[PDB]
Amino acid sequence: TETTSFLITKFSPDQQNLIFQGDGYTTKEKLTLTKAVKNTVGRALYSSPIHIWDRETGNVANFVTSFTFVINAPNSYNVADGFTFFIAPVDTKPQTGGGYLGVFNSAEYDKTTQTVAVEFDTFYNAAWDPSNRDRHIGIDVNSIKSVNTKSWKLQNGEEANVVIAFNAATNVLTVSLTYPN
């Protein structure tokens, strides 16, 4: 049996158990991935590698993560690109930026990427996003083009509470985002 847990209700200016990439940093008790500037990327990863499945027994881990994030845009019409929670190889660097959200490099299935991500997409990219043009939550597997999505109405500046859980018995990944109002 192997378990890994951690909880951070308020970030410190020197959060040494986190790895920062791009514009990522902590300040004012919060974790800032990007400020309101153009063409940029920021990432933050938990320091310790996680044992998600066992080669010997073929067992896969159950896991649950919960977090509160905020998106602050200059207005409600021009918002981009989004935010993700992701699972990737141990030594990973930022991938393509913009609509690729820093975790993928194409809309076609690339098995070498070895990345699963839950996206909170705020900008409609014609080449691959849902034709309805709505902002949306999506589950991504080795591709920026989600295997499934759900229209999501962004509440600018509001705290969104997220729970992402994985059930190893059924291989089901569940995502839920809740706004207090």
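Start at 1 with the first residue shown and count on from there.
Averaged over CA atoms, B-factors in the entry run higher in 104-112 than in the other of 104-112 and 84-92. Remark: stretch with higher mean C-alpha B factor among 43-51 and 22-30 is 22-30.
Among the modelled residues of the chain, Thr149 sits in the middle third by CA temperature factor in this PDB entry.
Ranked by C-alpha B-factor against the other modelled residues of its chain, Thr65 falls in the lowest third. The PDB entry assigns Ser143 a C-alpha temperature factor belonging to the lowest third of its chain's modelled residues. Placement of the Cα temperature factor of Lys35 within the chain: middle third of the modelled residues, per the deposited record. Per the PDB record, residue ranking by Cα B-factor puts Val172 in the middle third of the chain.
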